[PDB]
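what would the 3D arrangement of this be:
(chains A, B and C)
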Amino acid sequence: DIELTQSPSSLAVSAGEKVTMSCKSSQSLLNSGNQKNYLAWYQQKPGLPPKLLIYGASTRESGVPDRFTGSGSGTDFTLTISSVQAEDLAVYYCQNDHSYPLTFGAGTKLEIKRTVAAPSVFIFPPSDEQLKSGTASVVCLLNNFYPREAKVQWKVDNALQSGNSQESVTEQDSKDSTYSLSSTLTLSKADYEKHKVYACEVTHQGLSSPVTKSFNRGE
Amino acid sequence: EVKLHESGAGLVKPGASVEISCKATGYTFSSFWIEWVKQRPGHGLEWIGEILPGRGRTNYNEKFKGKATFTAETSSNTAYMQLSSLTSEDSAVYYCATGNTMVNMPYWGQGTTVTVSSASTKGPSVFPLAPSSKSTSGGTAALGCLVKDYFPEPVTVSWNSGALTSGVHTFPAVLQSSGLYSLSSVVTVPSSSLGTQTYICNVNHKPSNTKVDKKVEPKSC
Amino acid sequence: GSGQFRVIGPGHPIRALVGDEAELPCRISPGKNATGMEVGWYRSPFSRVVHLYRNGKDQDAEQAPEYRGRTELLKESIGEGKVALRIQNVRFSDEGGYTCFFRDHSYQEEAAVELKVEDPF
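Numbers count the residues shown, from 1 in each chain, chains lettered A, B, ... in the order given. Below is the structure in question.
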C-alpha cells in the first residue's frame, strides 16, 4: 500500500497570496508505459463531494482555473495556487491514482484570513407552535463576522446561564470569508413563562463594547 | 452529462447489512469502472473497490474484503454495494465515482450518509424564526427556520426550492442532550422584500420520509 | 471526444497442433497507443488470469500459477493497439475460450477468443 503525507496540515493566507501544498508518496507513482506519474489532487468544499483539479501529477481537469498548478515527480509532488481566492477555501486531498489499493492523503485544509468584521446580532423568540409542545428554544444569531472566536452569553432577567444553550458555527464564506454563529438557548415552557427579559450578550473583536440584543417574553 | 446518484437506508442496526446503490446516467454504463469511496469526518477518503457493470468484474480493497460486495443490473444502470455486519466504523458518507478514457474518478455522485446505531429514526419538527424589528438591522432583515429533534443526520434544507440562495446560512447540526439533532437555517433579506416575498424553507429528512414546507412570515397581528 | 474503442479478436477459432505454439491476436479500433493501458487475458471458465501487462511491464506475480513461463504478450505494434498472446507446449487443457481485454483508464472493453487444440495423430 502506498501512503500519502500532506503538509502543511492546514494553512491560512489572504486573498491573492501564493500557496503551496505538499504530498509525499511512500512509493513511486510512475507508469512506465505512459512515463507519467499517476497522482491526483482533489478540492473538497464543505458539503459536496470532492472535485478533481489535476491528474497525472500535472494536468488540469476541464474548467479548473490556471492559478492551480501541480508539479512534481518521483515520490514528491506539490500543488500551487498562484493567487489565492476566497472561493478557494476548502480541503485539498492528493491521491495515489496508480497502484491498488487506491489511497488518498490526509488533506491540507486551506483557511482564508482577512481583516476584522463585527457580528450582525439578531435574536429570535420561541415560535408559538413549539410552546404548545412543552419546550422553548431561543435563538441568538451572529451574522457574518471575523475572527471566529467570540463569546455569546445568555442572561435571563439578567441571570447568567450555563449548560443550557449550545452553539453552532459555519465554515468560512466562499465570498467574504466570514463566519456566522447560532447560540440556541433551550428551556421548558414552564421556565420560559417564569421570566421576563431574555437576551444574549455578544463579545467580539470588531465590537468596541459588548453588544446585547433582547426582547420581553410575550410580544 | 455524465452524472451519478447515490441512495440507501441512512440508519441501520449494528451487525446488520446495508446496500447502498449508485445510479448512473449519461453514458454506456457497462464499459466504465465504478469506484466506491468511504469518508468520515475524523478522516479523509477511503477507497473500497470498483466494479465493471456488465462484465461483472470486481476488485476490492483488502480491508473491505468480506465487508463489502458489489454488483449491478444493466437493466437500471445501477451499481450496488452491500456492507455487512455494520459497525460504527461503518458510519459515514459513501460515494461512488466513475470516469473516462483519460481519467478514473473525475465524476462523483452526491454521496449518501449512513449511520450505524441500535436507535430509532425521528421526524423533524420545523419551527419558523420570524423576521421582525428585533430581526431587522439596516434595510436588512433576518428570518429563518429551526429544524428540531431529528435523527439521524442528514437533512436537506432549502428556501423557495431554489428561488433563494444568497445570504442563506444553514448551520451544521448539533447533538442535543436528548440524543437527537437540531439545526437552524437563517437567511437575511430586504426589510422591504418581506412584504411581497414568499419566504419558505423546504425541509427534507429522507431517513424519515419527512418533507415539510414552512412559510416564515412576520405575523398576522 | 471518446477514446471509447471496440476490442477485436480472431473472429474464428484459432488452431494449433498439440504441444505446439499458439498466438491469439487482439487489438482496439480505432487503434491507438496501448502502451500505458492494461491488457490481459482470462481463461473462460473461472476467469483465471492467463497473462497481465500493466504500467509497461508484465505482471507475473498476477497470473494463475498454471500459466507461469508459458505465455508472452507480443508488443511489436502495441502503439497500434495490437498485441498477441503466445503460449508454449500447448495441451488440450488449453482448448476452449479465452478473453482478452484492454483497459483505458476507466474504460475497458473486451473480446472473446477461442482456441482449438487439435490432435496430430
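
for the helix or strand containing residue A:77, output the C-alpha coordinates as CSV.
Secondary structure from DSSP states H and E places residue A:77 in strand A:76-81. Backbone C-alpha positions of strand A:76-81 (Å, rounded to 0.1, in the frame of the first residue of the first chain) are rendered in CSV as follows:
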residue,chain,number,x,y,z
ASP,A,76,7.4,14.1,-4.2
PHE,A,77,4.8,16.4,-5.6
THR,A,78,3.3,19.8,-4.9
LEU,A,79,0.1,21.8,-5.5
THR,A,80,0.5,25.6,-6.0
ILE,A,81,-2.1,28.3,-6.1
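
show me what that strand is packed up against.
Strand A:76-81 is packed against strand A:19-25, strand A:68-73, strand A:90-96, with contacts defined by 3 or more C-beta pairs under 8 Å, 6 or more residues apart in numbering or on different chains; DSSP states H and E. To be clear about C-beta, it is placed using only N, CA and C from the backbone, and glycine gets the same treatment.

contacting residues around residue 66?
In the absence of a named chain, chain A is used. A:60, A:82 (C-beta atoms under 8 Å, 6 or more residues apart in numbering or on different chains).

you looked at the wrong chain, it should be chain C
Residue C:66 makes contact with residue C:48 under the criterion C-beta under 8 Å, 6+ apart.

excluding its backbone neighbours, what's nearest the residue most central in space within chain A?
Nearest to the geometric centre of chain A sits residue A:171, at 2.3 Å (C-alpha atoms, centre = their mean). Of all residues not flanking residue A:171 in the chain, residue A:46 sits nearest, at 4.5 Å (C-beta to C-beta, 6 or more residues apart in numbering or on different chains).

what does chain A put close to chain C?
Within reach of chain C by C-beta under 8 Å from any C-beta of the partner chain, chain A has these residues: A:31, A:32, A:33, A:34, A:36, A:98.

so which of the residues you listed is the most crowded?
residue A:98 (24 neighbours; other C-beta atoms under 10 Å in any protein chain shown).

next, the residue lying closest to that one once chain neighbours are set aside: phi, psi?
Once flanking residues are discounted, residue A:98 sits nearest to residue A:38: 3.1 Å by C-beta to C-beta, 6+ apart. Phi and psi for residue A:38, reported as degrees, to the nearest 10, are phi -80, psi 80.

beta partners of residue B:174?
residue B:182 (DSSP bridges).

I figured it was touching residue A:168, is that so?
Yes. Contact criterion C-beta atoms under 8 Å: residue B:174 and residue A:168 qualify, at 5.1 Å.

any shared contact partners between those two?
Contacts common to residue B:174 and residue A:168, judged by C-beta under 8 Å, 6+ apart, are A:184, B:183.

now the residue lying farthest from the centre of chain A, what's its secondary structure?
Here the centre of chain A is the reference, and by C-alpha atoms, centre = their mean the most remote residue is residue A:33, at 41.1 Å. The three-state assignment at residue A:33 reads coil, by DSSP: H, G, I helix; E, B strand; the rest coil.

residues in contact with the nearest residue to residue B:135 once chain neighbours are set aside?
Spatial nearest neighbour of residue B:135, chain neighbours left out: residue B:142 (4.8 Å); criterion: C-beta to C-beta, 6+ apart. Shown in contact with residue B:142 (C-beta under 8 Å, 6+ apart): A:120, A:122, A:141, A:143, B:129, B:131, B:135, B:136, B:186, B:187, B:188, B:189.

in which helix or strand does the last one reside?
Residue B:189 belongs to strand B:181-190 when assigned by DSSP H and E.

identify the residues contacting the residue lying closest to residue C:95 once chain neighbours are set aside.
Excluding the flanking residues, the one nearest residue C:95 by C-beta to C-beta, 6+ apart is residue C:117, at 4.1 Å. By C-beta under 8 Å, 6+ apart, the residues touching residue C:117 are C:16, C:18, C:90, C:91, C:92, C:94, C:95.

count the neighbours of the second one for me.
Applying other C-beta under 10 Å, we find 15 residues neighbouring residue C:18.

any idea how far chain B is from it?
Distance of residue C:18 to chain B, given as C-beta to the nearest C-beta, to the nearest Å: 31 Å.

which helix or strand contains the nearest residue to residue A:121 once chain neighbours are set aside?
Using C-beta to C-beta, 6+ apart and skipping the chain neighbours, the partner closest in space to residue A:121 is residue A:213 (4.6 Å). Element membership of residue A:213 [criterion: DSSP H and E] is strand A:211-216.

got the phi and psi for the closest residue to chain C within chain B?
Across chain B, no residue is closer to chain C than residue B:99, which sits at 2.9 Å (C-beta to the nearest C-beta). With angles defined as degrees, to the nearest 10, residue B:99 sits at phi -150, psi -150.

surely it meets residue B:107?
Yes. Using C-beta under 8 Å, residue B:99 is in contact with residue B:107, at 6.4 Å.

show me what from chain C comes close to chain A.
C:35, C:36, C:37, C:55, C:56, C:57.

which of the residues you listed ranks first by neighbour count?
Of those, with other C-beta under 10 Å as the count, residue C:37 tops at 26 neighbours.

how about the longest strand seen in chain C: buried residues?
As assigned by DSSP state E, the longest strand anywhere in chain C is strand C:107-118. Judged by neighbour count using 16 or more other C-beta atoms under 10 Å in any protein chain shown, the buried positions of strand C:107-118 are C:107, C:108, C:109, C:110, C:111, C:113, C:114, C:115, C:117.

kindly indicate which of those residues lies nearest residue A:11.
Proximity of the buried residues of strand C:107-118 to residue A:11 was ranked by C-beta to C-beta; the top entry is residue C:107 with 37.3 Å.

report the beta-bridge partner residues of that closest one.
residue B:32, residue C:104.

identify the residues contacting it.
With C-beta under 8 Å, 6+ apart, residue C:107 has these contacts: B:31, B:32, B:99, B:100, B:101, C:3, C:4, C:5.

closest residue of chain C to chain A?
For chain C and chain A, the shortest gap (C-beta to the nearest C-beta) falls at residue C:56, measuring 3.1 Å.

CA atoms of stretch C:38-51 as PDB?
Output of stretch C:38-51 as PDB, limited to C-alpha atoms (Å, rounded to 0.1, in the frame of the first residue of the first chain):
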ATOM      1  CA  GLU C  38      -3.700  -2.500 -19.000                       C
ATOM      2  CA  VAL C  39      -4.100  -5.500 -21.300                       C
ATOM      3  CA  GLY C  40      -4.800  -9.100 -20.300                       C
ATOM      4  CA  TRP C  41      -6.300 -12.500 -20.900                       C
ATOM      5  CA  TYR C  42      -8.700 -14.700 -18.900                       C
ATOM      6  CA  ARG C  43      -9.200 -18.400 -19.300                       C
ATOM      7  CA  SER C  44     -13.000 -18.500 -19.900                       C
ATOM      8  CA  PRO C  45     -14.400 -21.000 -17.400                       C
ATOM      9  CA  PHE C  46     -13.400 -19.400 -14.000                       C
ATOM     10  CA  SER C  47     -11.800 -16.200 -15.300                       C
ATOM     11  CA  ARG C  48      -8.300 -17.400 -14.500                       C
ATOM     12  CA  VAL C  49      -5.600 -14.900 -15.400                       C
ATOM     13  CA  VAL C  50      -3.600 -16.100 -18.300                       C
ATOM     14  CA  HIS C  51      -1.500 -13.000 -18.700                       C
END
